[PDB]
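What's in structure-v7.txt: compact mmCIF, C-alpha atoms
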```txt
# COMPACT_ATOMS: atom_id res chain seq x y z
CA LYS A 1 90.37 54.17 27.40
CA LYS A 2 91.97 57.10 25.60
CA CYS A 3 94.63 54.65 24.45
CA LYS A 4 91.73 52.68 23.06
CA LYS A 5 90.33 55.86 21.48
CA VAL A 6 93.16 57.66 19.66
CA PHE A 7 95.59 54.83 19.20
CA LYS A 8 93.57 51.73 18.06
CA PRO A 9 94.63 50.00 21.22
CA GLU A 10 97.31 47.56 19.90
CA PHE A 11 99.86 49.94 21.52
CA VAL A 12 98.72 48.53 24.88
CA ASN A 13 99.88 45.14 23.64
CA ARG A 14 103.07 46.69 22.28
CA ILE A 15 104.14 48.84 25.22
CA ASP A 16 105.77 47.05 28.16
CA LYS A 17 104.48 49.39 30.84
CA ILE A 18 102.42 52.57 30.91
CA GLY A 19 103.38 55.14 33.53
CA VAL A 20 101.21 58.00 34.76
CA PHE A 21 102.77 61.05 36.37
CA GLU A 22 101.24 62.64 39.42
CA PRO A 23 101.43 66.44 39.43
CA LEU A 24 103.98 68.08 41.65
CA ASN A 25 103.30 68.44 45.35
CA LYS A 26 104.73 71.18 47.52
CA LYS A 27 106.79 68.60 49.42
CA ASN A 28 108.16 67.71 46.00
CA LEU A 29 108.66 71.39 45.18
CA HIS A 30 110.98 71.87 48.18
CA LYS A 31 113.77 69.60 46.94
CA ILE A 32 113.05 69.79 43.20
CA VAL A 33 113.39 73.57 42.85
CA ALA A 34 116.54 73.31 45.00
CA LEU A 35 118.24 71.17 42.36
CA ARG A 36 118.42 74.10 39.95
CA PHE A 37 120.50 76.00 42.50
CA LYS A 38 123.04 73.18 42.50
CA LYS A 39 123.46 73.52 38.73
CA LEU A 40 123.29 77.32 39.09
CA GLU A 41 126.77 77.33 40.63
CA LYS A 42 128.20 75.33 37.71
CA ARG A 43 127.63 78.05 35.11
CA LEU A 44 128.25 80.93 37.56
CA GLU A 45 131.49 79.85 39.25
CA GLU A 46 133.24 82.18 36.80
CA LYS A 47 130.98 84.91 38.19
CA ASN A 48 131.63 83.53 41.73
CA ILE A 49 128.30 84.69 43.16
CA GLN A 50 127.15 81.79 45.33
CA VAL A 51 123.41 82.23 45.88
CA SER A 52 122.17 80.70 49.13
CA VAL A 53 118.49 79.79 49.36
CA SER A 54 116.91 79.71 52.78
CA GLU A 55 113.65 77.86 53.35
CA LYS A 56 111.93 81.26 53.53
CA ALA A 57 112.90 81.79 49.89
CA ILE A 58 111.18 78.53 48.90
CA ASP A 59 107.51 79.34 49.45
CA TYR A 60 107.76 82.89 48.09
CA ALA B 1 84.20 44.86 69.78
CA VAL B 2 86.08 48.50 67.45
CA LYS B 3 84.64 49.06 63.98
CA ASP B 4 87.91 48.36 62.16
CA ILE B 5 88.43 45.38 64.49
CA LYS B 6 85.26 43.75 63.15
CA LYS B 7 86.33 43.98 59.50
CA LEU B 8 89.30 41.66 60.09
CA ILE B 9 88.09 39.23 62.76
CA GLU B 10 84.47 38.61 61.72
CA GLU B 11 85.69 37.24 58.39
CA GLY B 12 87.93 34.83 60.30
CA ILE B 13 86.54 34.17 63.77
CA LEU B 14 83.40 35.99 64.89
CA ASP B 15 79.97 35.13 63.56
CA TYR B 16 77.35 37.85 63.22
CA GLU B 17 74.98 35.89 65.48
CA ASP B 18 76.91 36.76 68.65
CA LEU B 19 76.88 40.57 68.42
CA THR B 20 75.02 43.01 70.65
CA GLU B 21 72.57 45.74 69.67
CA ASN B 22 75.17 48.45 70.29
CA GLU B 23 77.60 46.50 68.07
CA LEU B 24 75.31 45.83 65.10
CA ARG B 25 74.13 49.44 64.85
CA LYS B 26 77.66 50.84 64.83
CA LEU B 27 78.80 48.56 62.02
CA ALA B 28 75.83 49.90 60.05
CA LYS B 29 76.85 53.44 61.06
CA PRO B 30 78.86 55.29 58.38
CA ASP B 31 82.65 55.03 58.46
CA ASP B 32 85.27 57.72 59.05
CA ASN B 33 85.55 58.30 55.30
CA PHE B 34 82.09 59.71 55.84
CA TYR B 35 82.41 63.21 57.41
CA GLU B 36 85.63 63.53 55.42
CA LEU B 37 85.41 66.44 53.02
CA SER B 38 85.68 65.43 49.35
CA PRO B 39 85.11 67.77 46.42
CA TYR B 40 85.38 67.11 42.66
CA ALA B 41 83.03 64.27 41.66
CA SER B 42 83.84 62.49 38.39
CA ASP B 43 81.22 62.97 35.68
CA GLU B 44 80.02 60.03 33.59
CA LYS B 45 77.04 59.30 31.32
CA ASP B 46 74.07 59.54 33.70
CA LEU B 47 71.82 56.59 32.92
CA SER B 48 69.31 58.04 35.39
CA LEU B 49 68.41 61.10 33.31
CA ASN B 50 66.87 60.53 29.88
CA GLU B 51 67.91 63.17 27.36
CA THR B 52 65.33 61.83 24.88
CA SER B 53 62.44 62.61 27.22
CA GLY B 54 59.58 65.03 26.70
CA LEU B 55 56.50 66.52 28.25
CA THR B 56 52.99 65.13 28.78
CA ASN B 57 51.11 66.46 25.76
CA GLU B 58 47.64 65.96 27.38
CA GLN B 59 46.06 65.29 23.95
CA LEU B 60 47.96 62.03 23.70
CA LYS B 61 47.03 61.25 27.32
CA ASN B 62 43.40 61.96 26.43
CA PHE B 63 43.48 59.89 23.23
CA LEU B 64 45.44 57.04 24.79
CA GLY B 65 43.12 57.25 27.80
CA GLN B 66 40.19 56.32 25.58
CA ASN B 67 41.38 52.70 25.11
CA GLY B 68 40.96 51.13 21.66
CA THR B 69 42.39 50.78 18.11
CA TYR B 70 45.43 53.00 18.42
CA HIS B 71 48.71 51.69 17.07
CA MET B 72 51.49 53.73 18.72
CA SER B 73 51.50 54.83 22.34
CA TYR B 74 54.18 57.55 22.51
CA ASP B 75 55.50 60.58 20.68
CA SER B 76 58.67 59.31 18.89
CA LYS B 77 59.83 62.81 17.92
CA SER B 78 62.63 63.19 20.44
CA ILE B 79 63.68 59.54 20.35
CA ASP B 80 64.16 59.49 16.59
CA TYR B 81 66.05 62.77 16.81
CA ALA B 82 68.22 60.92 19.27
CA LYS B 83 68.70 58.01 16.89
CA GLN B 84 69.60 60.25 13.95
CA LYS B 85 72.35 61.87 16.04
CA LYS B 86 73.97 58.51 16.80
CA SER B 87 73.95 57.78 13.07
CA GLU B 88 75.73 61.07 12.35
CA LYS B 89 78.35 61.38 15.10
CA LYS B 90 80.51 58.40 14.03
CA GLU B 91 81.47 57.63 17.62
CA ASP B 92 81.88 53.88 17.93
CA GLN B 93 85.24 52.90 19.37
CA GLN B 94 84.41 53.05 23.09
CA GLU B 95 80.64 53.64 22.85
CA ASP B 96 80.47 49.96 21.85
CA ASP B 97 81.44 49.41 25.51
CA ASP B 98 79.66 52.39 27.11
CA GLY B 99 76.14 51.12 26.50
CA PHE B 100 77.26 47.57 27.26
CA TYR B 101 79.52 47.85 30.29
CA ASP B 102 78.60 50.92 32.22
CA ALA B 103 74.97 50.16 33.02
CA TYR B 104 75.90 47.05 34.99
CA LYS B 105 77.94 49.23 37.33
CA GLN B 106 75.10 51.74 37.77
CA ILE B 107 72.31 49.16 37.64
CA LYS B 108 73.76 47.18 40.56
CA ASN B 109 74.19 50.45 42.49
CA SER B 110 70.43 50.98 42.11
CA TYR B 111 69.88 47.87 44.25
CA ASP B 112 72.08 49.37 46.98
CA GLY B 113 70.61 52.88 47.14
CA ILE B 114 73.63 54.37 45.37
CA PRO B 115 73.22 56.79 42.45
CA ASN B 116 75.41 57.03 39.36
CA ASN B 117 78.62 58.89 40.23
CA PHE B 118 78.31 58.45 43.97
CA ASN B 119 81.63 57.20 45.35
CA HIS B 120 80.42 57.43 48.97
CA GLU B 121 78.15 55.75 51.48
CA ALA B 122 74.40 55.55 50.87
CA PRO B 123 71.74 54.02 53.14
CA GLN B 124 69.36 51.14 52.54
CA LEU B 125 66.41 50.28 54.76
CA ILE B 126 66.44 46.63 55.81
CA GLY B 127 63.53 45.79 58.08
CA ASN B 128 63.42 48.81 60.36
CA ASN B 129 67.11 49.79 60.25
CA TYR B 130 69.28 51.59 57.73
CA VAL B 131 72.53 50.12 56.39
CA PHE B 132 75.00 52.47 54.72
CA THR B 133 76.53 50.64 51.75
CA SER B 134 79.29 51.76 49.41
CA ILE B 135 80.70 51.17 45.97
CA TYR B 136 83.58 49.36 47.67
CA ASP B 137 82.25 48.40 51.11
CA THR B 138 79.14 46.57 49.92
CA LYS B 139 78.45 45.15 53.43
CA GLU B 140 76.71 42.16 51.84
CA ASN B 141 77.16 39.86 54.83
CA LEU B 142 75.30 42.31 57.06
CA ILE B 143 72.46 42.39 54.52
CA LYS B 144 72.17 38.59 54.44
CA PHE B 145 72.23 38.54 58.25
CA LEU B 146 69.66 41.28 58.89
CA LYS B 147 67.19 39.92 56.33
CA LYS B 148 67.35 36.31 57.52
CA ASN B 149 67.71 36.64 61.30
CA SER B 150 65.79 39.87 61.92
CA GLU B 151 62.76 39.03 59.76
CA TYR B 152 60.58 38.46 62.85
CA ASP B 153 63.25 39.81 65.22
CA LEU B 154 64.27 43.37 66.08
CA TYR B 155 67.87 44.45 66.69
CA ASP B 156 68.57 48.18 66.50
CA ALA C 1 91.38 105.13 66.91
CA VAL C 2 92.10 106.07 62.34
CA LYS C 3 90.58 103.53 59.95
CA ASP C 4 93.94 102.40 58.53
CA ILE C 5 95.30 102.36 62.10
CA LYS C 6 92.78 99.68 63.07
CA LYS C 7 93.76 97.32 60.25
CA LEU C 8 97.28 96.90 61.65
CA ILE C 9 96.84 97.13 65.43
CA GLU C 10 93.58 95.21 65.97
CA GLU C 11 95.18 92.10 64.48
CA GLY C 12 98.02 92.47 66.98
CA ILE C 13 96.86 94.36 70.06
CA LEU C 14 93.32 95.71 70.18
CA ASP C 15 90.31 93.46 70.67
CA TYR C 16 87.00 94.39 69.07
CA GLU C 17 85.30 94.36 72.49
CA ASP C 18 86.86 97.68 73.55
CA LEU C 19 85.69 99.91 70.68
CA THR C 20 83.17 102.73 70.82
CA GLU C 21 80.02 103.21 68.75
CA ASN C 22 81.69 105.92 66.65
CA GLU C 23 84.60 103.53 66.04
CA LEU C 24 82.64 100.41 65.05
CA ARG C 25 80.44 102.26 62.56
CA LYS C 26 83.39 103.86 60.77
CA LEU C 27 85.18 100.55 60.29
CA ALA C 28 81.97 99.32 58.67
CA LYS C 29 81.86 102.51 56.58
CA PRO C 30 83.26 102.08 53.05
CA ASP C 31 86.95 102.75 52.46
CA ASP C 32 88.64 105.44 50.35
CA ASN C 33 88.76 103.05 47.39
CA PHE C 34 85.03 103.64 47.49
CA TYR C 35 84.27 107.09 45.96
CA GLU C 36 87.28 106.46 43.71
CA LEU C 37 86.21 106.45 40.08
CA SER C 38 86.80 103.12 38.31
CA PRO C 39 85.61 102.24 34.80
CA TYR C 40 86.15 99.07 32.74
CA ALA C 41 84.69 96.10 34.61
CA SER C 42 86.02 92.69 33.55
CA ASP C 43 83.41 90.43 31.98
CA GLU C 44 83.16 86.76 32.96
CA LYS C 45 80.55 83.99 32.63
CA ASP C 46 77.63 85.32 34.69
CA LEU C 47 76.37 82.41 36.76
CA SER C 48 73.52 84.66 37.92
CA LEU C 49 71.76 84.85 34.55
CA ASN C 50 70.49 81.61 33.02
CA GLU C 51 70.71 81.60 29.22
CA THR C 52 68.68 78.37 29.11
CA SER C 53 65.67 80.02 30.73
CA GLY C 54 62.22 80.58 29.28
CA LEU C 55 58.82 82.04 29.91
CA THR C 56 55.89 80.84 32.02
CA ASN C 57 53.72 79.03 29.48
CA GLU C 58 50.54 79.22 31.68
CA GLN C 59 49.26 75.91 30.22
CA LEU C 60 52.06 74.06 31.98
CA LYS C 61 51.37 76.08 35.14
CA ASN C 62 47.71 75.11 34.83
CA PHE C 63 48.43 71.43 34.17
CA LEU C 64 51.14 71.21 36.82
CA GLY C 65 48.84 73.11 39.17
CA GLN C 66 46.34 70.27 39.01
CA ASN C 67 48.56 67.87 41.02
CA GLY C 68 48.66 64.22 39.96
CA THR C 69 50.17 61.63 37.54
CA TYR C 70 52.40 63.88 35.49
CA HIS C 71 55.93 62.72 34.82
CA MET C 72 57.96 65.81 33.84
CA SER C 73 57.61 69.22 35.45
CA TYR C 74 59.35 71.61 33.03
CA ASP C 75 59.71 72.43 29.36
CA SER C 76 63.13 70.93 28.39
CA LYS C 77 62.92 72.44 24.91
CA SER C 78 65.63 75.05 25.50
CA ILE C 79 67.82 73.05 27.86
CA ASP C 80 68.33 70.30 25.31
CA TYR C 81 69.14 73.03 22.80
CA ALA C 82 71.83 74.36 25.14
CA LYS C 83 73.37 70.94 25.79
CA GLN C 84 73.60 70.32 22.05
CA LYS C 85 75.73 73.46 21.67
CA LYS C 86 78.26 72.25 24.24
CA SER C 87 78.49 68.98 22.32
CA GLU C 88 79.23 70.86 19.09
CA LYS C 89 81.62 73.66 20.11
CA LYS C 90 84.57 71.41 21.09
CA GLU C 91 85.68 73.82 23.80
CA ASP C 92 87.17 71.78 26.63
CA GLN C 93 90.66 72.93 27.55
CA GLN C 94 89.78 75.65 30.08
CA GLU C 95 86.01 75.09 30.30
CA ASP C 96 86.94 72.00 32.33
CA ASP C 97 87.99 74.59 34.93
CA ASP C 98 85.40 77.31 34.22
CA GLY C 99 82.41 75.35 35.49
CA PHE C 100 84.52 73.92 38.31
CA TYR C 101 87.02 76.56 39.46
CA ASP C 102 85.66 80.00 38.59
CA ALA C 103 82.31 79.13 40.15
CA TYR C 104 83.27 78.62 43.79
CA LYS C 105 84.28 82.28 43.84
CA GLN C 106 80.91 83.65 42.74
CA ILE C 107 79.03 81.35 45.11
CA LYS C 108 80.97 82.59 48.15
CA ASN C 109 80.39 86.18 46.99
CA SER C 110 76.65 85.46 47.19
CA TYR C 111 77.04 84.99 50.95
CA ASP C 112 78.66 88.43 51.21
CA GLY C 113 76.21 90.46 49.12
CA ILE C 114 78.65 90.70 46.22
CA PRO C 115 77.57 89.95 42.64
CA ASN C 116 79.60 88.24 39.94
CA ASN C 117 82.10 90.72 38.48
CA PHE C 118 81.91 93.18 41.35
CA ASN C 119 85.44 94.10 42.43
CA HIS C 120 84.19 96.71 44.93
CA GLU C 121 82.50 97.06 48.29
CA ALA C 122 78.99 95.71 48.85
CA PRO C 123 76.89 95.90 52.04
CA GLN C 124 75.49 93.14 54.22
CA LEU C 125 72.91 93.66 56.96
CA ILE C 126 74.03 92.15 60.26
CA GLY C 127 71.48 92.72 63.00
CA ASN C 128 70.45 96.31 62.38
CA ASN C 129 73.68 97.60 60.80
CA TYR C 130 75.23 97.30 57.36
CA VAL C 131 78.78 96.04 56.81
CA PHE C 132 80.45 96.77 53.48
CA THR C 133 82.49 93.71 52.49
CA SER C 134 84.80 93.24 49.53
CA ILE C 135 86.36 90.58 47.36
CA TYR C 136 89.63 91.30 49.15
CA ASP C 137 88.62 92.99 52.42
CA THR C 138 86.21 90.31 53.61
CA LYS C 139 85.94 91.89 57.11
CA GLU C 140 85.20 88.46 58.57
CA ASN C 141 86.29 89.34 62.11
CA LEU C 142 83.76 92.18 62.24
CA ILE C 143 81.05 89.75 61.12
CA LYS C 144 81.91 87.23 63.85
CA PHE C 145 81.95 90.06 66.40
CA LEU C 146 78.68 91.74 65.42
CA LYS C 147 76.75 88.46 65.24
CA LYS C 148 77.97 87.11 68.58
CA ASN C 149 78.18 90.22 70.77
CA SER C 150 75.37 92.33 69.29
CA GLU C 151 72.75 89.56 69.13
CA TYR C 152 70.82 91.06 72.06
CA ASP C 153 72.94 94.23 72.08
CA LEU C 154 72.84 97.34 69.88
CA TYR C 155 75.95 99.21 68.72
CA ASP C 156 75.50 101.56 65.77
```
Structure translated into structure tokens:
Amino acid sequence: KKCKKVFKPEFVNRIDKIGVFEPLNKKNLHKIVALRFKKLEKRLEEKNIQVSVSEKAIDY
Amino acid sequence: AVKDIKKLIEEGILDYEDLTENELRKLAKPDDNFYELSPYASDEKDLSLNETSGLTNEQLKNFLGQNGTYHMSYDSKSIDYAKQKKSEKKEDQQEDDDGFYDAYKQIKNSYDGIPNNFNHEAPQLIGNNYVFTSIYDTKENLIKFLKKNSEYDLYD
Amino acid sequence: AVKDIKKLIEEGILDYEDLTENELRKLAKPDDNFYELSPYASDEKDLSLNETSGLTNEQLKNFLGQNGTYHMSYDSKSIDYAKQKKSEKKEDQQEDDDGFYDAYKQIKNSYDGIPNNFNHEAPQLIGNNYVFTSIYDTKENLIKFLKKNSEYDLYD
């Protein structure tokens, strides 16, 4: 309906598929925040501080 | 024969005619989505409430009470104000559907005891018993059964 | 057994059942944050005061007092004027939470004797004794104890 309102809805005929994102759940936030700590060790292997994240550090 | 069993089999196998009084009343009982806690109702244009309404003036009600040779029978101050606003907003693009779709959804819910934004189960007295109907679970086959069979019959 | 001692141990060790009358009344006494001087209260939308309110007209109260065949029971002059302002401000982005999120907090504070922006301790009569509750220190375990045990019992 908002695609009918702002866009003059021909975009619905143009676009193959419209996706709608759910907001992040806390089950999502377990693994998703953990991915930054995998890339954290790529920039900081020169520094060679390997930060370990327990599950207690997740919910804080 | 229990409540979720009837929703699959009675469309295929079981007729409503062979069901006991303790089985008919529990299918009209509310489901387990009832007593489940649900906040955040979704607001829509309430066709129930009239924003163009006004108060009984009591000098119109006196003058219209004395019947004879009057030419307009309402106030028309708040309902023209309402029409002037729709001429000035320039809102057309979905309001061309809002007056023309959305009442059917809320008008049919008025025949089921369900108000405007009510996504849950609402009762409906059929004979001497209440039937809780939904937006989704209309329970139309129970309504056709309880009106036709229990017109001169009583099954609680 | 003193006041700060009870907040740590009675969650772990001590039950409320073994406490004297001079110990129960002092835990219901206000804390040392009370009698501490605090200016600058934080203003919020007061759900207590109704900006759309009006005065008793006394010709409506007379006409609605004579019961029968009237169709609207209030004035609606002001309340349409208020709804028009919300249509014209175009303030949506957090007001979609302000009517919906901020409000549950002030409604729960009404069950504790606490008004809208009151970040301090407010009393609540339970039986024959007052219990000063807070936004933060709800003191819910004292309330469950004084209602259940001291229903037919008296402990000052």
What residues in chain A have any atom no more than 9 Å from chain B when counting only C-alpha atoms, and can you write them as a list in words? residues 1, 2, 4, 5 and 8 of chain A
Just how far from atom CA of residue 119 of chain B is atom CA of residue 135 of chain B, in Å to one decimal?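 Between atom CA of residue 135 of chain B and atom CA of residue 119 of chain B the gap works out to 6.1 Å.
Going from atom CA of residue 65 of chain B to atom CA of residue 66 of chain C covers 17.5 Å.
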Grab the atom CA of residue 76 of chain B to atom CA of residue 88 of chain C distance for me, in Å with one decimal place.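 The value is 23.6 Å.
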Shortest interatomic distance to chain C - which of B:46, B:31, B:58, B:14, counting all atoms listed in the file: B:58
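Using all atoms listed in the file, the nearest neighbour of chain C within the list B:21, B:112, B:15, B:43 is B:43.
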Counting only C-alpha atoms, which residues from chain B have an atom at most 12 Å from any atom of chain C, and could you show them as a tab-separated table (two decimals) with C-alpha atoms, in the coordinates of the input?
```tsv
chain	number	residue	atom	x	y	z
B	39	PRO	CA	85.11	67.77	46.42
B	40	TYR	CA	85.38	67.11	42.66
B	41	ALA	CA	83.03	64.27	41.66
B	42	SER	CA	83.84	62.49	38.39
B	43	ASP	CA	81.22	62.97	35.68
B	49	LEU	CA	68.41	61.10	33.31
B	50	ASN	CA	66.87	60.53	29.88
B	51	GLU	CA	67.91	63.17	27.36
B	52	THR	CA	65.33	61.83	24.88
B	53	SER	CA	62.44	62.61	27.22
B	54	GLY	CA	59.58	65.03	26.70
B	55	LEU	CA	56.50	66.52	28.25
B	56	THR	CA	52.99	65.13	28.78
B	57	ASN	CA	51.11	66.46	25.76
B	58	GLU	CA	47.64	65.96	27.38
B	61	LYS	CA	47.03	61.25	27.32
B	78	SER	CA	62.63	63.19	20.44
B	81	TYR	CA	66.05	62.77	16.81
B	82	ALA	CA	68.22	60.92	19.27
B	85	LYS	CA	72.35	61.87	16.04
B	89	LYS	CA	78.35	61.38	15.10
```
Quick one: axis-aligned box around all listed atoms of segment 30-35 of chain A, 5 Å on every side, centre and edge lengths in Å to one decimal, written as JSON.
```
{"center_x": 114.6, "center_y": 71.6, "center_z": 45.3, "size_x": 17.3, "size_y": 14.0, "size_z": 15.8}
```
Can you pull out every residue within 10 Å of residue 147 of chain C, counting all atoms listed in the file, but drop anything in the same chain fewer than 6 positions away, and send it as a list in words?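 Residues near the query, excluding close chain neighbours: residues 126, 127 and 153 of chain C.
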Store the residues picked out above, limited to C-alpha atoms, as a short mmCIF file (atom, residue, chain, number, x, y, z; two decimals), in the coordinates of the input.
```cif
data_model
loop_
_atom_site.label_atom_id
_atom_site.label_comp_id
_atom_site.auth_asym_id
_atom_site.auth_seq_id
_atom_site.Cartn_x
_atom_site.Cartn_y
_atom_site.Cartn_z
CA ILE C 126 74.03 92.15 60.26
CA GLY C 127 71.48 92.72 63.00
CA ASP C 153 72.94 94.23 72.08
#
```
Residue neighbourhood residue 156 of chain B, 9 Å, only C-alpha atoms, exclusion window fewer than 5 positions, as number ranges by chain: B: 21-22, 24-25, 128-129
So that I can see what lies close to residue 38 of chain A, please list as number ranges by chain the residues with an atom at most 12 Å from it, counting only C-alpha atoms and leaving out residues fewer than 5 positions away in the same chain. A: 31-33, 43-45, 50-53
Dump C-alpha atoms for the selected residues as an mmCIF file, keeping the file's coordinate frame?
```
data_model
loop_
_atom_site.group_PDB
_atom_site.id
_atom_site.type_symbol
_atom_site.label_atom_id
_atom_site.label_comp_id
_atom_site.auth_asym_id
_atom_site.auth_seq_id
_atom_site.Cartn_x
_atom_site.Cartn_y
_atom_site.Cartn_z
ATOM 1 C CA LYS A 31 113.770 69.600 46.940
ATOM 2 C CA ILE A 32 113.050 69.790 43.200
ATOM 3 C CA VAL A 33 113.390 73.570 42.850
ATOM 4 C CA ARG A 43 127.630 78.050 35.110
ATOM 5 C CA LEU A 44 128.250 80.930 37.560
ATOM 6 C CA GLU A 45 131.490 79.850 39.250
ATOM 7 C CA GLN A 50 127.150 81.790 45.330
ATOM 8 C CA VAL A 51 123.410 82.230 45.880
ATOM 9 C CA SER A 52 122.170 80.700 49.130
ATOM 10 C CA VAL A 53 118.490 79.790 49.360
#
```
Could you pull segment 7-47 of chain C out of the structure I just pasted and write it to a file containing C-alpha atoms, as a CSV table (one decimal), in the first residue's frame?
```csv
chain,number,residue,atom,x,y,z
C,7,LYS,CA,17.9,-5.9,50.9
C,8,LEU,CA,20.8,-8.4,50.4
C,9,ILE,CA,20.1,-11.2,53.0
C,10,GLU,CA,16.3,-11.5,52.8
C,11,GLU,CA,16.5,-12.4,49.1
C,12,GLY,CA,19.0,-15.1,50.0
C,13,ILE,CA,18.4,-16.3,53.6
C,14,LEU,CA,15.8,-14.5,55.7
C,15,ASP,CA,12.1,-15.0,55.2
C,16,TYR,CA,9.7,-12.2,55.9
C,17,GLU,CA,7.8,-14.4,58.4
C,18,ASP,CA,10.5,-14.1,61.0
C,19,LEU,CA,10.7,-10.3,61.4
C,20,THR,CA,9.6,-8.1,64.3
C,21,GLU,CA,7.2,-5.2,64.4
C,22,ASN,CA,10.1,-2.7,64.7
C,23,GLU,CA,11.8,-4.4,61.7
C,24,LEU,CA,8.8,-4.5,59.3
C,25,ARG,CA,7.8,-0.9,59.9
C,26,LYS,CA,11.4,0.4,59.2
C,27,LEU,CA,11.6,-1.5,55.9
C,28,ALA,CA,8.4,0.3,54.9
C,29,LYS,CA,9.9,3.6,56.1
C,30,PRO,CA,11.3,5.7,53.3
C,31,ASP,CA,15.0,5.3,52.4
C,32,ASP,CA,17.9,7.8,52.7
C,33,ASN,CA,17.3,8.9,49.1
C,34,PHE,CA,14.2,10.4,50.7
C,35,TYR,CA,15.1,13.6,52.6
C,36,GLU,CA,17.8,14.1,50.0
C,37,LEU,CA,17.2,17.3,48.1
C,38,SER,CA,16.5,16.9,44.4
C,39,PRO,CA,15.5,19.6,42.0
C,40,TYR,CA,14.8,19.5,38.2
C,41,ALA,CA,12.0,17.0,37.5
C,42,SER,CA,11.9,15.7,33.9
C,43,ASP,CA,8.7,16.7,32.1
C,44,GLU,CA,6.8,14.2,29.9
C,45,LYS,CA,3.4,14.0,28.4
C,46,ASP,CA,1.1,13.9,31.5
C,47,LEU,CA,-1.5,11.2,30.9
```
